[PDB]
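Engineer: Dumping the structure here so I can ask a few things about it.
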2 protein chains.
Amino acid sequence: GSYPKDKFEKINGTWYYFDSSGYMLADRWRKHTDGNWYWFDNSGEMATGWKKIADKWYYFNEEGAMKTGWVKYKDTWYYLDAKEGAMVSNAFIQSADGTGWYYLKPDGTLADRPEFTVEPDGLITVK
Amino acid sequence: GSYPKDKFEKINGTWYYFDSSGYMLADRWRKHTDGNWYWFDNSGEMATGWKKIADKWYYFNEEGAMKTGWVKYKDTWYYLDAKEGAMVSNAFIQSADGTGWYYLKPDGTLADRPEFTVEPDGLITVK
Ligand SMILES: CCCCCCCCCC[N+](C)(C)[O-]
Ligand SMILES: CCCCCCCCCC[N+](C)(C)[O-]
Ligand SMILES: C[N+](C)(C)CCO
Ligand SMILES: C[N+](C)(C)CCO
Ligand SMILES: C[N+](C)(C)CCO
Ligand SMILES: C[N+](C)(C)CCO
Ligand SMILES: C[N+](C)(C)CCO
């Protein structure tokens, strides 16, 4: 009624989330009742789009839900850890059919045309 | 001690282990006070070298201690998971100097001469 508690609330046209004492969360994560994780920056505003928390990138949809799995941002694929959420970079992510792998460049972007180089001991270098 | 209670035992040549309850260990793992993981087959014999436990491969030093990381067996390189100790297969383990990767074949052997096929979308197939 007069004391928002553990809930979302759109104040002044901005989404915030109040703890059990009526304070807005700030620089904190909150797993909502819908199953999604949400993040609120220093001003307490619900994160939308890309945000870098504790030196790891995460992608939230327009509704504020942190996404996981493959997503396409500006027509270029990315991969967010299926469990933790963070953007995977410089890694090979197994395809769904388990047939192959996809390589995400050092900057998280997918390599549609990866170039490999092999050294006599087998060390594979990608580019 | 009038009866062995939880400890090793070098019965002439071979080592064995009895639980606190007195009984001997067989077909059971045991993380000791040395941090090292140990295993004893159905005849309580302390594993040494290579062993296929529950359909997975592991390697212990000449002292029953389970080791992890790269290990060689007859001109062939294998990688042992640093957490489970199990043999990794059809996986890319990153080099220690971060410059590149080593691909292990499904059969668990290192691919020193890997061959790659990059599909239109960027899918990568390894041989
Ligand atoms: C419901 C909030 C409980 C706070 C603990 C948040 C721990 C960080 C884990 C969240 N996450 C995996 C998405 O990064
Ligand atoms: C009793 C209310 C049940 C809570 C459901 C609240 C709707 C989800 C919040 C929408 N959102 C902040 C994510 O945009
Ligand atoms: C580097 N990122 C792609 C994560 C930021 C886009 O604004
Ligand atoms: C796979 N190798 C054994 C060649 C690399 C460890 O140095
Ligand atoms: C042979 N032992 C395993 C008992 C010695 C290792 O410290
Ligand atoms: C397979 N082990 C039990 C040895 C690993 C536990 O982390
Ligand atoms: C699996 N993906 C759809 C992300 C790759 C095709 O570009």
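In the structure tokens, chains take letters A, B, ... by order of appearance, with residues numbered from 1 within each chain and ligands from 1 in the order shown.
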Which residues of chain A come within 12 Å of chain B, and what is each one's closest atom pair and distance in Å (one decimal), counting only C-alpha atoms, sorted by chain and residue number, as a tab-separated table?
Structural biologist:
```
residue	atom	partner	partner_atom	distance
A:76	CA	B:121	CA	11.3
A:77	CA	B:121	CA	10.5
A:90	CA	B:100	CA	9.5
A:91	CA	B:92	CA	8.7
A:92	CA	B:92	CA	7.4
A:93	CA	B:92	CA	9.8
A:94	CA	B:123	CA	9.1
A:95	CA	B:123	CA	7.5
A:96	CA	B:123	CA	10.6
A:97	CA	B:123	CA	10.9
A:98	CA	B:125	CA	9.9
A:99	CA	B:125	CA	6.9
A:100	CA	B:125	CA	4.7
A:101	CA	B:124	CA	5.0
A:102	CA	B:123	CA	5.3
A:103	CA	B:124	CA	7.8
A:104	CA	B:122	CA	10.2
A:105	CA	B:122	CA	11.9
A:106	CA	B:99	CA	11.3
A:109	CA	B:122	CA	11.7
A:110	CA	B:122	CA	8.0
A:111	CA	B:122	CA	6.3
A:112	CA	B:122	CA	3.8
A:113	CA	B:122	CA	5.7
A:114	CA	B:122	CA	7.2
A:115	CA	B:118	CA	8.8
A:116	CA	B:116	CA	7.8
A:117	CA	B:100	CA	9.5
A:118	CA	B:113	CA	7.4
A:119	CA	B:112	CA	8.0
A:120	CA	B:112	CA	6.8
A:121	CA	B:112	CA	5.5
A:122	CA	B:112	CA	3.7
A:123	CA	B:102	CA	5.2
A:124	CA	B:101	CA	4.9
A:125	CA	B:100	CA	4.5
A:126	CA	B:100	CA	6.9
A:127	CA	B:100	CA	10.0
```
Engineer: Within 9 Å of ligand 3, which residues of chain A come that close, and what is the closest atom pair and distance in Å for each? Count only C-alpha atoms and all ligand atoms and give it as JSON lines.
Structural biologist:
```
{"residue": "A:49", "atom": "CA", "partner": "ligand 3", "partner_atom_place_in_ligand_line": "7 (O)", "distance": 8.3}
{"residue": "A:50", "atom": "CA", "partner": "ligand 3", "partner_atom_place_in_ligand_line": "4 (C)", "distance": 6.0}
{"residue": "A:51", "atom": "CA", "partner": "ligand 3", "partner_atom_place_in_ligand_line": "4 (C)", "distance": 7.4}
{"residue": "A:52", "atom": "CA", "partner": "ligand 3", "partner_atom_place_in_ligand_line": "4 (C)", "distance": 7.5}
{"residue": "A:56", "atom": "CA", "partner": "ligand 3", "partner_atom_place_in_ligand_line": "4 (C)", "distance": 8.9}
{"residue": "A:57", "atom": "CA", "partner": "ligand 3", "partner_atom_place_in_ligand_line": "4 (C)", "distance": 5.8}
{"residue": "A:58", "atom": "CA", "partner": "ligand 3", "partner_atom_place_in_ligand_line": "4 (C)", "distance": 7.6}
{"residue": "A:59", "atom": "CA", "partner": "ligand 3", "partner_atom_place_in_ligand_line": "4 (C)", "distance": 8.0}
{"residue": "A:73", "atom": "CA", "partner": "ligand 3", "partner_atom_place_in_ligand_line": "3 (C)", "distance": 7.8}
{"residue": "A:78", "atom": "CA", "partner": "ligand 3", "partner_atom_place_in_ligand_line": "3 (C)", "distance": 8.5}
{"residue": "A:87", "atom": "CA", "partner": "ligand 3", "partner_atom_place_in_ligand_line": "4 (C)", "distance": 7.8}
{"residue": "A:107", "atom": "CA", "partner": "ligand 3", "partner_atom_place_in_ligand_line": "1 (C)", "distance": 6.9}
{"residue": "A:108", "atom": "CA", "partner": "ligand 3", "partner_atom_place_in_ligand_line": "3 (C)", "distance": 7.3}
{"residue": "A:109", "atom": "CA", "partner": "ligand 3", "partner_atom_place_in_ligand_line": "3 (C)", "distance": 7.7}
```
Engineer: What residues in segment 27-76 of chain A get the DSSP label strand (DSSP E)? Please answer as a list in words.
Structural biologist: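 Across segment 27-76 of chain A, those assigned strand (DSSP E) are residues 28, 29, 30, 31, 37, 38, 39, 40, 49, 50, 51, 52, 53, 56, 57, 58, 59, 60, 69, 70, 71 and 72 of chain A.
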Engineer: Could you write out that same residue set with N, CA, C and O atoms as a PDB file, in the first residue's frame?
Structural biologist:
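Writing the result to again-v2.pdb gives the following:
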```pdb
ATOM      1  N   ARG A  28      23.034  -4.167  -7.579  1.00  0.00           N
ATOM      2  CA  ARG A  28      22.673  -5.441  -6.982  1.00  0.00           C
ATOM      3  C   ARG A  28      21.912  -6.254  -8.003  1.00  0.00           C
ATOM      4  O   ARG A  28      21.324  -5.696  -8.937  1.00  0.00           O
ATOM      5  N   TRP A  29      21.938  -7.570  -7.833  1.00  0.00           N
ATOM      6  CA  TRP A  29      21.202  -8.468  -8.718  1.00  0.00           C
ATOM      7  C   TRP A  29      19.946  -8.911  -7.987  1.00  0.00           C
ATOM      8  O   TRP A  29      19.915  -8.953  -6.758  1.00  0.00           O
ATOM      9  N   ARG A  30      18.912  -9.260  -8.730  1.00  0.00           N
ATOM     10  CA  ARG A  30      17.723  -9.764  -8.091  1.00  0.00           C
ATOM     11  C   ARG A  30      17.073 -10.760  -9.043  1.00  0.00           C
ATOM     12  O   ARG A  30      16.833 -10.443 -10.214  1.00  0.00           O
ATOM     13  N   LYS A  31      16.842 -11.980  -8.562  1.00  0.00           N
ATOM     14  CA  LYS A  31      16.201 -12.985  -9.399  1.00  0.00           C
ATOM     15  C   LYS A  31      14.737 -12.808  -9.109  1.00  0.00           C
ATOM     16  O   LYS A  31      14.303 -12.958  -7.963  1.00  0.00           O
ATOM     17  N   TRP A  37      16.732 -13.016 -14.141  1.00  0.00           N
ATOM     18  CA  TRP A  37      17.581 -12.247 -13.259  1.00  0.00           C
ATOM     19  C   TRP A  37      17.512 -10.807 -13.753  1.00  0.00           C
ATOM     20  O   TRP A  37      17.375 -10.558 -14.945  1.00  0.00           O
ATOM     21  N   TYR A  38      17.605  -9.854 -12.843  1.00  0.00           N
ATOM     22  CA  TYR A  38      17.550  -8.464 -13.232  1.00  0.00           C
ATOM     23  C   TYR A  38      18.677  -7.763 -12.513  1.00  0.00           C
ATOM     24  O   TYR A  38      19.113  -8.209 -11.438  1.00  0.00           O
ATOM     25  N   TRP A  39      19.176  -6.680 -13.095  1.00  0.00           N
ATOM     26  CA  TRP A  39      20.248  -5.954 -12.445  1.00  0.00           C
ATOM     27  C   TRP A  39      19.864  -4.491 -12.358  1.00  0.00           C
ATOM     28  O   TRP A  39      19.242  -3.951 -13.271  1.00  0.00           O
ATOM     29  N   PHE A  40      20.226  -3.853 -11.255  1.00  0.00           N
ATOM     30  CA  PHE A  40      19.899  -2.453 -11.077  1.00  0.00           C
ATOM     31  C   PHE A  40      21.161  -1.671 -10.824  1.00  0.00           C
ATOM     32  O   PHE A  40      21.901  -1.939  -9.870  1.00  0.00           O
ATOM     33  N   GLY A  49      19.416  -3.823 -22.179  1.00  0.00           N
ATOM     34  CA  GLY A  49      20.526  -3.879 -23.124  1.00  0.00           C
ATOM     35  C   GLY A  49      21.830  -4.323 -22.465  1.00  0.00           C
ATOM     36  O   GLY A  49      21.797  -4.924 -21.390  1.00  0.00           O
ATOM     37  N   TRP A  50      22.974  -4.033 -23.086  1.00  0.00           N
ATOM     38  CA  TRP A  50      24.270  -4.430 -22.529  1.00  0.00           C
ATOM     39  C   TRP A  50      24.663  -3.643 -21.291  1.00  0.00           C
ATOM     40  O   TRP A  50      24.396  -2.453 -21.186  1.00  0.00           O
ATOM     41  N   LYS A  51      25.301  -4.317 -20.349  1.00  0.00           N
ATOM     42  CA  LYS A  51      25.768  -3.690 -19.118  1.00  0.00           C
ATOM     43  C   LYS A  51      26.961  -4.520 -18.698  1.00  0.00           C
ATOM     44  O   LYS A  51      26.964  -5.742 -18.867  1.00  0.00           O
ATOM     45  N   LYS A  52      27.983  -3.854 -18.176  1.00  0.00           N
ATOM     46  CA  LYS A  52      29.188  -4.531 -17.750  1.00  0.00           C
ATOM     47  C   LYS A  52      29.232  -4.451 -16.236  1.00  0.00           C
ATOM     48  O   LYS A  52      29.411  -3.371 -15.672  1.00  0.00           O
ATOM     49  N   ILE A  53      29.039  -5.606 -15.593  1.00  0.00           N
ATOM     50  CA  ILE A  53      29.027  -5.727 -14.135  1.00  0.00           C
ATOM     51  C   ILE A  53      30.217  -6.554 -13.653  1.00  0.00           C
ATOM     52  O   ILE A  53      30.412  -7.688 -14.097  1.00  0.00           O
ATOM     53  N   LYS A  56      32.343  -8.132 -16.445  1.00  0.00           N
ATOM     54  CA  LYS A  56      31.770  -9.163 -17.309  1.00  0.00           C
ATOM     55  C   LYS A  56      30.546  -8.555 -17.985  1.00  0.00           C
ATOM     56  O   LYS A  56      29.780  -7.846 -17.350  1.00  0.00           O
ATOM     57  N   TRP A  57      30.364  -8.819 -19.271  1.00  0.00           N
ATOM     58  CA  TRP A  57      29.224  -8.270 -19.986  1.00  0.00           C
ATOM     59  C   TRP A  57      27.980  -9.151 -19.924  1.00  0.00           C
ATOM     60  O   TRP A  57      28.061 -10.375 -20.017  1.00  0.00           O
ATOM     61  N   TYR A  58      26.826  -8.519 -19.762  1.00  0.00           N
ATOM     62  CA  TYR A  58      25.563  -9.246 -19.720  1.00  0.00           C
ATOM     63  C   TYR A  58      24.588  -8.540 -20.630  1.00  0.00           C
ATOM     64  O   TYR A  58      24.692  -7.334 -20.814  1.00  0.00           O
ATOM     65  N   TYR A  59      23.648  -9.275 -21.205  1.00  0.00           N
ATOM     66  CA  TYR A  59      22.677  -8.644 -22.089  1.00  0.00           C
ATOM     67  C   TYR A  59      21.256  -8.794 -21.584  1.00  0.00           C
ATOM     68  O   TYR A  59      20.753  -9.911 -21.450  1.00  0.00           O
ATOM     69  N   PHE A  60      20.602  -7.670 -21.308  1.00  0.00           N
ATOM     70  CA  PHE A  60      19.218  -7.696 -20.821  1.00  0.00           C
ATOM     71  C   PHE A  60      18.271  -7.260 -21.942  1.00  0.00           C
ATOM     72  O   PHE A  60      18.582  -6.335 -22.698  1.00  0.00           O
ATOM     73  N   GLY A  69      22.330 -17.805 -23.570  1.00  0.00           N
ATOM     74  CA  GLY A  69      22.350 -18.475 -24.860  1.00  0.00           C
ATOM     75  C   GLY A  69      22.771 -17.535 -25.968  1.00  0.00           C
ATOM     76  O   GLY A  69      23.376 -16.493 -25.703  1.00  0.00           O
ATOM     77  N   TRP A  70      22.456 -17.887 -27.209  1.00  0.00           N
ATOM     78  CA  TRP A  70      22.814 -17.040 -28.349  1.00  0.00           C
ATOM     79  C   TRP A  70      21.840 -15.902 -28.504  1.00  0.00           C
ATOM     80  O   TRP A  70      20.633 -16.092 -28.407  1.00  0.00           O
ATOM     81  N   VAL A  71      22.369 -14.720 -28.768  1.00  0.00           N
ATOM     82  CA  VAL A  71      21.537 -13.559 -29.011  1.00  0.00           C
ATOM     83  C   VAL A  71      22.192 -12.835 -30.176  1.00  0.00           C
ATOM     84  O   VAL A  71      23.380 -13.033 -30.455  1.00  0.00           O
ATOM     85  N   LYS A  72      21.425 -12.009 -30.869  1.00  0.00           N
ATOM     86  CA  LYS A  72      21.973 -11.263 -31.978  1.00  0.00           C
ATOM     87  C   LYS A  72      21.790  -9.794 -31.678  1.00  0.00           C
ATOM     88  O   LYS A  72      20.676  -9.327 -31.485  1.00  0.00           O
TER      89      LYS A  72
END
```
Engineer: Determine, using only C-alpha atoms and all ligand atoms, which residues of chain A have any atom at most 10 Å from an atom of ligand 2, and tabulate each with its shortest atom pair and distance in Å to one decimal place, rows ordered by chain and then rising number, as a tab-separated table.
Structural biologist:
```
residue	atom	partner	partner_atom_place_in_ligand_line	distance
A:6	CA	ligand 2	4 (C)	9.8
A:7	CA	ligand 2	4 (C)	7.1
A:8	CA	ligand 2	12 (C)	5.5
A:9	CA	ligand 2	12 (C)	7.2
A:10	CA	ligand 2	12 (C)	7.8
A:14	CA	ligand 2	12 (C)	9.7
A:15	CA	ligand 2	12 (C)	6.3
A:16	CA	ligand 2	12 (C)	7.8
A:17	CA	ligand 2	12 (C)	8.0
A:32	CA	ligand 2	8 (C)	7.8
A:33	CA	ligand 2	4 (C)	7.0
A:34	CA	ligand 2	8 (C)	7.0
A:36	CA	ligand 2	13 (C)	8.5
A:37	CA	ligand 2	13 (C)	9.4
A:38	CA	ligand 2	13 (C)	7.9
A:46	CA	ligand 2	12 (C)	7.7
A:61	CA	ligand 2	13 (C)	9.8
A:62	CA	ligand 2	14 (O)	8.4
A:63	CA	ligand 2	14 (O)	4.9
A:64	CA	ligand 2	13 (C)	5.7
A:65	CA	ligand 2	13 (C)	6.6
```
Engineer: Between B:35, B:83, B:41, B:1, which is the closest to residue 22 of chain B once you count only C-alpha atoms?
Structural biologist: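 Going through B:35, B:83, B:41, B:1 one by one, the smallest distance to residue 22 of chain B is for B:1.
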